[PDB]
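Participant: In order, the protein sequences belong to chains p, 0, 5, 6, ZB and AD.
Using the deposited numbering, you'd call the opening residue of the first sequence number 74 and step up by one each time.
Residue numbers for the second sequence, in the deposited numbering: 1 to 52, 65 to 260.
Using the deposited numbering, you'd call the opening residue of the third sequence number 1 and step up by one each time.
Using the deposited numbering, you'd call the opening residue of the fourth sequence number 1 and step up by one each time.
Using the deposited numbering, you'd call the opening residue of the fifth sequence number 1 and step up by one each time.
Using the deposited numbering, you'd call the opening residue of the sixth sequence number 102 and step up by one each time.
Cβ atoms here follow ideal geometry from the backbone N, Cα and C, with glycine treated the same way.
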Amino acid sequence: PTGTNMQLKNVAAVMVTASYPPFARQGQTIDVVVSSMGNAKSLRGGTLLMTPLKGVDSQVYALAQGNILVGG
Amino acid sequence: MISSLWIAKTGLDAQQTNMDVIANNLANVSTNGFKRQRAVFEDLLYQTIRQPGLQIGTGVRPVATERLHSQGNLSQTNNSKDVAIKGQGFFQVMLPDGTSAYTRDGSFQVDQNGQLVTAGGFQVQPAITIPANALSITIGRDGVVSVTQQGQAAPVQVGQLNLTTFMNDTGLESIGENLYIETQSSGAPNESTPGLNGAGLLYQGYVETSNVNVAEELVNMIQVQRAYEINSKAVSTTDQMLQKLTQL
Amino acid sequence: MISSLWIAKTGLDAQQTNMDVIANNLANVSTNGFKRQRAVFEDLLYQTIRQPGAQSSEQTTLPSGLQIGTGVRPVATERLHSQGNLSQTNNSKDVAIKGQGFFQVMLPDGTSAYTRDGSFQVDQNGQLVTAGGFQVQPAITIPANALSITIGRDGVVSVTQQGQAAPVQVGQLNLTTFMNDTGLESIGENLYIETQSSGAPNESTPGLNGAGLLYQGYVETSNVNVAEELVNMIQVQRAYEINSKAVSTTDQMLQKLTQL
Amino acid sequence: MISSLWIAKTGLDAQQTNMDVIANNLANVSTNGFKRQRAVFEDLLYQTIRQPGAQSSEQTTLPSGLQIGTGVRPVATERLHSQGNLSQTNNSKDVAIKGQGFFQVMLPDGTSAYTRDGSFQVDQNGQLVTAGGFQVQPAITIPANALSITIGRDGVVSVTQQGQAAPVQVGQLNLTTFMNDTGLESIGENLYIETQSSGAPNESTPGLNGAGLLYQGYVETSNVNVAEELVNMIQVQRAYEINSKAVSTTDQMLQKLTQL
Amino acid sequence: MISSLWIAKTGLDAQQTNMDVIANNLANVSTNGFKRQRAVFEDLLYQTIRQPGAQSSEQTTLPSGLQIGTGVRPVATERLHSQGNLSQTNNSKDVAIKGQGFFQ
Amino acid sequence: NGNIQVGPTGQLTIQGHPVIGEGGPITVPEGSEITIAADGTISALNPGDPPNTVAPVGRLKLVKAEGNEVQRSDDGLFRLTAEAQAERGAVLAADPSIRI
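Dropping the structure here:
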């Protein structure tokens, strides 16, 4: 429902950045960097949900989802 | 050390808290839409002594004050901008930082660019924009704010004054200036039109006075003073007993 | 030094402020174009101590925890801008307002003030001024040999000279209306000035989109209701009694602690 | 903190409840179709201590042991449903009930309340409504060009049109009667809502089964007898003073206990 | 501070309103085409300390509980539109209405 | 000693010793108001935020041990005796019946 209070603690909004390599072909995999965006304490053992990586032209060039590795 | 000084001290502090509650109730006897407070005292932990059965107390501690949400009396302001609530309901008012508080003081004003605001200047949800050339502002029983203009023989509908109802009215946090914010003990602010779903009605030209009864406060002051004297006497007796002990 | 004494002191000060407002309202009964004032109070802060809604136990929460309140403090004094009852003084220069407008005058400093009182006179130079000598905008000039001054419902000031069957128009009295009428700053002398909370002064003709109608020979008396003031005086006296009793009770308690 | 003080507290508060009942009766003297209220009080708890009837000395019982009682609590306020004096106002729309009936009114939220005030008005659509804008049931609609409205004592409503020498019946005004008229819950605005202690609404036309007869041009004034209210003032004041005296005596006793 | 005080305060305002209505009616005795006013009052709030009809026990019900009331409020001030007595001024420009019409 | 003090980093220490909760040493969000509960539940409120965001961050570990099962160490803190250590383990299980 539109009018409701959700107060989550296990979810963080993040920005994912990656490099599109030369001569990249569909189906190949690349590394991504996940950075928190607002008042999150940690991203220790989180899992990145399906994220479309846009280019400068605002077109989806990659789809990101995986487990984050934080140093510790 | 181990004695009765702390028992008596915890007792005095309780009488001090009760007197503070009474003084707060009496000082706000002129505020519009004020609910009186009552402090609840409920004793501390007990120490059990085992025989080869008995339990000694430790004192008393204030737990939680309850605000009495009964419908206060209405008084007259002949001001067309003031509305009182008949029943259970809260006006929603937007604070400058962005979070919405809830008030029952129905003394409102129109600010420099239209807009209905509380006495402190905070804007009142749902936002109303009163036209400049308004001749008379009429707020209906069901929260319809209609405005009459010169010439047109029919009033113009401007806005609806919705009431926010909480299932537990006592758990709201009193932030200070006649405003309450919702809390985990008073969750789910239910917005409704006045008159349906348990919401109260609106009387225009009346303001809801405070709920503070006077006789209760005065006799409670008498009781607090005398109990404070009793606890002071107990403190003095413990002091004399310890003085006699130390002189050995 | 003790909390209850500060709370009761704040209560006493608030009741004294209420009595001051009542006395000011009663002192201006005979003032024309006066609006009675009413003060509104708020409570002051709230000591947190135990945050309500906290987890009382792993599965339960504290309902309405321990909040200790401070005293009271006055928010603001709002005027009651309502048409004061009219009175016939049978004077060609007294003007009363039937609606919601104000007259504009110029202070000696050059700024513009607004007054609802319509007791007007004429100076030695022939301009229409108020009782304090301030020149009423828009500066209606009355000529030397006037026989009668007629001010109509729409604000036209006409002078009938000798031997002329037609009246000579010598000005046009307009009224200024504000979005927030209670937000004006009263400087005394029956004068209100514009603030940023009183919107902007909208000039209008007396009879148009919401300016009031001007009545000649009438004065708008104050709207002070005196029986209400007597009842409120009784109420204020009793409240001051009770607050003083709270102060005295706190005084008696601290005495026993001193004796300890 | 001490028993006598709690007992005296119930006393003061209950004489105040009386005082509130008296003040409410007085404030509604001019209200049409108002019924005066009277409060009933009962004894509070009675501490057993020595049990009356317990056998002492094997063959002798103990009569009237220590039944130390607590204060007083008001049972309930009951309305005196008696016929108020009829006042003639010479209006086609004022209807007065002379027996024991109630008019039925529909609240816009869907439910129906019951009112005895007979000052009726006509909305812009021609319906017979209450002065608060609530639409009477059944539903009397009045034609546009009505010359005279006649409400009979049987509750029939007739309208005299132009060009028609015979009145046309446009409705039938019924009266609602209850098993217990004191059990209706007063919601203000001269309106009663049905509760489970007031039985169920019994519809009856005026003149049969007991419903009263409807008079046109008359209003049922309030039944408040005011000299009784003044005498009740004098008691509600003396009893409150005496209870405060008891409070003061207990206060002095506690003070001397503390001071030693 | 005391509820009885507020109830009396309202009652005083209501009676002052009645007095003002009477004074205004008397002030307009000689005016032509006047309709005298009349004020209507209604019950204010009703404090339900004990609910009338509350189920005190599984068998007994409390009749007519503690309904402590507040003061009074004037519903409105309605004008009595009735035909006033006609008087002959004997001027050609003076007109009177016999029914329930209005000049525009 | 129940005189619990917060740090600028937000950890709970008693006499300089961090307090032990169910997740180990208790770390509380920095600059928050704390309300310990009857069962040791710690509720943290961020100043400025509405009271709707009061969310628990941990639970104090409260254990029950009679005087026969505890001996005082040289730093003022009690610890289980060797017998009691072998009887109830090196790490005591928190008792849910303890009120605070």
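Run through DSSP, which three-state label would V29 (chain 6) get?
Facilitator: Sequence index remark: in the fourth sequence, residue 29 (chain 6) carries index 29 (1-based). Three-state DSSP puts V29 (chain 6) in coil, outside helix and strand.
Participant: Taking only the alpha-carbon atoms, compute the straight-line gap between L181 (chain AD) and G188 (chain 0) and give it to the nearest angstrom.
Facilitator: Taking the sixth sequence and counting its residues from 1, one reaches residue 181 (chain AD) at position 80. Taking the second sequence and counting its residues from 1, one reaches residue 188 (chain 0) at position 176. Going by the C-alpha atoms only, they are around 50 Å apart.
Participant: What are the uninterrupted segments assigned as alpha helix (DSSP H) that are 4 or more residues long and contained completely in the segment 172 to 226 of chain 0, given in chain order?
Facilitator: Complete alpha helix (DSSP H) runs here, min 4: none at all.
Participant: Are the C-beta of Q16 (chain 6) and some C-beta of chain 0 separated by less than 8 Å?
Facilitator: For the purposes of this step, residue 16 (chain 6) is taken as residue 16 along the fourth sequence, with counting starting at 1. Chain 0, which has a Cβ nearer than 8 Å to the Cβ of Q16 (chain 6), makes this yes.
Participant: What did DSSP end up calling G163 (chain 5) once you bin it into helix, strand or coil?
Facilitator: Residue numbering aside, residue 163 (chain 5) sits at position 163 when the third sequence is read from its first letter. Looking at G163 (chain 5) - three-state DSSP - the assignment turns out to be coil, as it is neither helix nor strand.
Participant: What residues from the segment 147 to 179 of chain 0 come within 7 Å of chain p, judged by C-beta to C-beta, listed N to C?
Facilitator: Against chain p - using a Cβ distance shorter than 7 Å - the segment 147 to 179 of chain 0 contributes no residues.
Participant: Taking the runs of the beta strand (DSSP E) that are 3 residues or longer, which of them lie wholly in the segment 24 to 74 of chain 5?
Facilitator: Runs found: 37 to 43.
Participant: Just to check my reading of the structure: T176 (chain 6) and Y114 (chain 6) have Cβ atoms closer than 8 Å, yes? What is that Cβ distance to the nearest angstrom?
Facilitator: Your numbering for residue 176 (chain 6) matches position 176 in the fourth sequence. Your numbering for residue 114 (chain 6) matches position 114 in the fourth sequence. Indeed they touch by this definition, with Cβ atoms about 6 Å apart.
Participant: Closest by CA to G99 (chain 5), which one among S82 (chain 5), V105 (chain 5) and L173 (chain 5)?
Facilitator: Working through the third sequence from its first residue, we reach residue 99 (chain 5) at position 99. When only C-alpha atoms are compared, the closest one is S82 (chain 5).
Participant: Output, in chain order, the set of chain AD residues within a Cβ distance shorter than 9 Å of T195 (chain 0).
Facilitator: Taking the first residue of the second sequence as 1, we reach residue 195 (chain 0) at position 183. Going along chain AD in sequence order, the residues near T195 (chain 0) (Cβ under 9 Å) are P151, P152, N153 and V155.
Participant: Quick one: what's got a C-beta closer than 7 Å to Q116 (chain AD)'s C-beta in the same chain, skipping five residues either side?
Facilitator: In the sixth sequence, residue 116 (chain AD) corresponds to position 15, counting from 1. Counting only Cβ-Cβ distances below 7 Å, and skipping sequence neighbours, we find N102.
Participant: For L230 (chain 0), return the contacting residues in chain 5, with the cut-off set at a CB-CB distance below 8 Å.
Facilitator: Position 218 of the second sequence, counted from the start, is the residue given in the question as residue 230 (chain 0). Per Cβ cutoff of 8 Å: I242 and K245.
Participant: Using a Cβ cut-off of 7 Å, pull out every chain 0 residue sitting near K9 (chain 6), in sequence order please.
Facilitator: Locating residue 9 (chain 6) in the fourth sequence gives position 9, counting from the first residue. Simply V231.
Participant: Using a C-beta to C-beta distance shorter than 7 Å, which residues of chain 5 count as neighbours of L26 (chain 0)?
Facilitator: Taking the first residue of the second sequence as position 1, residue 26 (chain 0) is located at position 26. Residues of chain 5 passing the Cβ test: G11, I242, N243 and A246.
Participant: Where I127 (chain AD) and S248 (chain 5) are concerned, what is the direct C-alpha to C-alpha distance, given to the nearest angstrom?
Facilitator: Sequence index remark: in the sixth sequence, residue 127 (chain AD) carries index 26 (1-based). Sequence index remark: in the third sequence, residue 248 (chain 5) carries index 248 (1-based). Those two C-alpha atoms are separated by around 48 Å.
Participant: With a CB to CB cut of under 6 Å and the five nearest residues on each side skipped, what residues in its chain are close to residue 261 (chain 6)?
Facilitator: A question about residue 261 (chain 6) goes unanswered here, because the residues of chain 6 that appear run from 1 up to 260.
Participant: Does the structure place the segment 86 to 106 of chain p close enough to the segment 133 to 142 of chain p that three or more beta carbon pairs sit under 8 Å?
Facilitator: Yes, since at least three Cβ pairs between the segment 133 to 142 of chain p and the segment 86 to 106 of chain p fall closer than 8 Å, the two stretches touch.
Participant: On the CB-based measure, 16 or more other CB atoms within 10 Å of its CB, does residue 57 (chain 0) come out buried or exposed?
Facilitator: Residue 57 (chain 0) falls within a stretch that is absent from the model, since chain 0 runs 52 to 65 with no residues between.
Participant: Measuring CA to CA, which of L128 (chain 6), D20 (chain 6), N28 (chain 6) and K35 (chain 6) is closest to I49 (chain ZB)?
Facilitator: Residue numbering aside, residue 49 (chain ZB) sits at position 49 when the fifth sequence is read from its first letter. Of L128 (chain 6), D20 (chain 6), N28 (chain 6) and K35 (chain 6), the residue nearest in Cα terms is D20 (chain 6).
Participant: Mind checking which residues open and close the alpha helix (DSSP H) that includes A187 (chain AD)?
Facilitator: Here residue 187 (chain AD) corresponds to residue number 86 of the sixth sequence, with the count starting at 1. That run of the alpha helix (DSSP H) goes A183 to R189.
Participant: Run down chain 5 in chain order and give the residues with a C-beta less than 7 Å from the C-beta of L5 (chain ZB).
Facilitator: If you number the fifth sequence from 1, residue 5 (chain ZB) lands on position 5. Neighbours of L5 (chain ZB) on chain 5, chain order: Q235.
Participant: Can the beta-carbon of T141 (chain 6) be found closer than 8 Å to that of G126 (chain 6)?
Facilitator: Residue mapping note: residue 141 (chain 6) aligns to position 141 of the fourth sequence, counting from 1. Residue mapping note: residue 126 (chain 6) aligns to position 126 of the fourth sequence, counting from 1. Yes, they are a contact pair.
Participant: Please list, in chain order, all residues of the same chain as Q121 (chain 6) whose beta carbon is under 7 Å from its beta carbon, the five residues on each side excluded.
Facilitator: Taking the fourth sequence and counting its residues from 1, one reaches residue 121 (chain 6) at position 121. The answer, listed in chain order, is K93, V129 and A131.
Participant: Locate the beta strand (DSSP E) running through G159 (chain AD), then write down its first and last residues.
Facilitator: Translated into positions along the sixth sequence, residue 159 (chain AD) becomes position 58. Unbroken beta strand (DSSP E) run through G159 (chain AD): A156 to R160.
Participant: So is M1 (chain 5) buried or exposed if we call it buried at 16+ other beta carbons inside 10 Å?
Facilitator: Counting from 1 along the third sequence, the entry for residue 1 (chain 5) is found at position 1. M1 (chain 5) comes out exposed.
Participant: Which residues in chain AD have a C-beta closer than 8 Å to the C-beta of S64 (chain 5)? List them in chain order.
Facilitator: Position 64 of the third sequence, counted from the start, is the residue given in the question as residue 64 (chain 5). By Cβ distance, chain AD contributes nothing, its closest Cβ being about 12 Å from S64 (chain 5), past 8 Å.
Participant: Under the three-state reduction of DSSP, which class applies to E134 (chain AD): helix, strand or coil?
Facilitator: Taking the first residue of the sixth sequence as position 1, residue 134 (chain AD) is located at position 33. Residue state, collapsed to three classes: strand.
Participant: At a Cβ cut of 8 Å, what residues of the segment 85 to 111 of chain 0 count as close to chain B, listed as they run along the chain?
Facilitator: Here the protein chains are p, 0, 5, 6, ZB and AD, and chain B is not one of them.
Participant: In terms of DSSP beta bridges, what is residue 148 (chain p) paired with?
Facilitator: Residue 148 (chain p) falls outside the range modelled here, since chain p spans only 74 to 145, and no answer is possible.
Participant: Between which two residues does the beta strand (DSSP E) harbouring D123 (chain 0) extend?
Facilitator: Start at 1 with the first residue of the second sequence, and residue 123 (chain 0) comes out as number 111. First-last of the beta strand (DSSP E) with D123 (chain 0): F120 to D123.
Participant: Give the straight-line distance between the Cα atoms of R238 (chain 6) and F134 (chain 5), rounded to the nearest whole angstrom.
Facilitator: As a position in the fourth sequence, residue 238 (chain 6) is number 238, starting the count at 1. As a position in the third sequence, residue 134 (chain 5) is number 134, starting the count at 1. The alpha-carbon atoms of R238 (chain 6) and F134 (chain 5) are separated by roughly 60 Å.
Participant: Is the Cβ of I68 (chain ZB) closer than 8 Å to any Cβ of chain 0?
Facilitator: Numbered from 1 along the fifth sequence, position 68 holds the residue referred to as residue 68 (chain ZB). So no, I68 (chain ZB) is outside the interface.
Participant: Per the DSSP calculation, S148 (chain 0) is bridged to which residue(s)?
Facilitator: Here residue 148 (chain 0) is taken as the residue at index 136 of the second sequence, counted from 1. Paired residues: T160 (chain 0).
Participant: Touch check for the segment 33 to 47 of chain 5 and the segment 145 to 160 of chain 5: three-plus C-beta pairs under 8 Å?
Facilitator: With the cut-off at 8 Å, the segment 33 to 47 of chain 5 and the segment 145 to 160 of chain 5 do not touch.
Participant: Using a 10 Å radius around the Cβ and a threshold of 16 neighbouring Cβ atoms, would you call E184 (chain AD) buried or exposed?
Facilitator: By 1-based counting over the sixth sequence, the position of residue 184 (chain AD) is 83. Counting Cβ neighbours within 10 Å, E184 (chain AD) comes out exposed, since fewer than 16 surround it.
Participant: Ordered along the chain, which non-local residues of its own chain (more than five positions away) have a Cβ less than 7 Å from that of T182 (chain 0)?
Facilitator: Here residue 182 (chain 0) corresponds to residue number 170 of the second sequence, with the count starting at 1. Result list for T182 (chain 0): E78, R79 and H81, in chain order.
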